[PDB]
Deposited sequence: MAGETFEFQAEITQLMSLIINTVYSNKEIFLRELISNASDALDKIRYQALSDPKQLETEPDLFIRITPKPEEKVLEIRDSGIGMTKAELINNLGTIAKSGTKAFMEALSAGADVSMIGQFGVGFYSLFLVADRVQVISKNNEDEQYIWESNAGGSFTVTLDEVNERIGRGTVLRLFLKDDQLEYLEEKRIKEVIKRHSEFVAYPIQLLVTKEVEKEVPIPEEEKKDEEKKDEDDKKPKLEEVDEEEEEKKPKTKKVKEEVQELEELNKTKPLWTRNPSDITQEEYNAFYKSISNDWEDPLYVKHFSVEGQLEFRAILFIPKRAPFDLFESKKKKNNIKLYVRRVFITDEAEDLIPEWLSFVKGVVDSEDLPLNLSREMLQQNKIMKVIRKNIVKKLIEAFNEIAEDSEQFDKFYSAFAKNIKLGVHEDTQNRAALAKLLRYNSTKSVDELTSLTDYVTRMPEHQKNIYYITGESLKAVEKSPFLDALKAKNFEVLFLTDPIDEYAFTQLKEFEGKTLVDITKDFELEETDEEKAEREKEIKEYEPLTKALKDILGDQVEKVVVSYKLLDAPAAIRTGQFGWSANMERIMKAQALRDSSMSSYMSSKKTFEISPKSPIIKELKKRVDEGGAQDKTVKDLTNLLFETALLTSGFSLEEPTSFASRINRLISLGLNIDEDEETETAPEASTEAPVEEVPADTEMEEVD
């Protein structure tokens, strides 16, 4: 049949590229800087083979001249310029990118990496300007004027009224009557500090005598090796990409090569607020809203990620759905895991890192399942054998005796409440070290880890058993049946307040305590669950070596198992041990009333 080639409606395609492509209208300055940066790379590539190309204009810069009294925003550069044919073929044809043809015509192995590769970015300036008056000047051609008003046609006239420029392009933009905000000083600096901050060429701005201020003093550090970058240069780079007022605590600058080539300079701040990772392609900011690039628990670090093979969107405000994100996501976590190990090699620097980001390290143990063992080696806590200095899980198993097969820990509201807890005297007698957990997020990480180097994590607040000699067990079991009438007597008194009352030999000084049931929320976990603004079984145990419990043993022998006077004490002793174990005290008024009655007895009043 008849074969027809594809066509395009020019009067309707222009409205689509301008109006229905970009979400914001301030990106027009980003593209005109990118076009000026590409033009400066073309004249620079020719300067390496011929130095006479820079005789007209020796300096390479991008100048922005706002004119409020004339409603004109001039953007002048000193690039290669456009000849008479380039103003019609490259600039006058939609989807025609002269920069793309320049990258394909150069020799294989060139160091230049230009930005423009689509051919429609120039038409973005009409979002804020009705008519443009682009003026060009090439070394091999005269000076012309490219005037257009986003209509159906454009006009190219020989420049005979404006000033004679040496080399470059002068883009005169007549801004709209409702887009005059881009004539101010702060608005221009806001767009440059957001999209064109790390341009390799100086961006000059004429501010009010008249002076020129450079808006890109800070140069990108991902174009240099980490071996020739000083520490102070990383501080100025961190204070430029982020609004923080403090220097970064640690810097991780790595570069992945091979199939995927991308560079990233990740910074670790000195404090936590309780995205941050920017994306740069062709030295141009793309987006910072890619939450899939970095995990949520690891989102406390800042920095940028430079790449050149990412499939950018037509609007260049984001990138397409691709399988490269998880590849970069893997290398970011892999390098930050090693970055934390480099901080762990030091003692004073890791003290500031762990005291500022203790939550983030413990959240990764709870959420991530691949680096859970690597993050467990970074945890630091207190213990019975380490009261002042924080000890690690690796140093814990080194001090474990040959017979100890489990890692013991304890949770609580504060450190002073767990250091004198009635559950430590049993393990301290057996020389078993017990870790101290004082933050609400500790138990959320120990519930997922459950094992470190083969050692099972055991919580001493929950019910558990310790190994002992067969001679000692035969002496304890015969003592349990002696206290059997006493244990069953305390069950009818407490009722359903506890699951059961059993004799415990893990309590030396304390008269009694309430344990958990080896399952569900512990004493501290239920306190956290009932305290979240946006969001079990217990066992009562007594110590048979305390004078209080020994006195209760003879009371049931004389027939006082259901005595009224003993109920005022066994109920007070039960609620008192609830405070030591960390359980919530129900009806505190009744607990205080029974205390006030004993205080009255101490004051000899009825």
Deposited seq positions with no alpha-carbon in the coordinates run 1-2, 211-259, 326-334, 596-604, 676-705
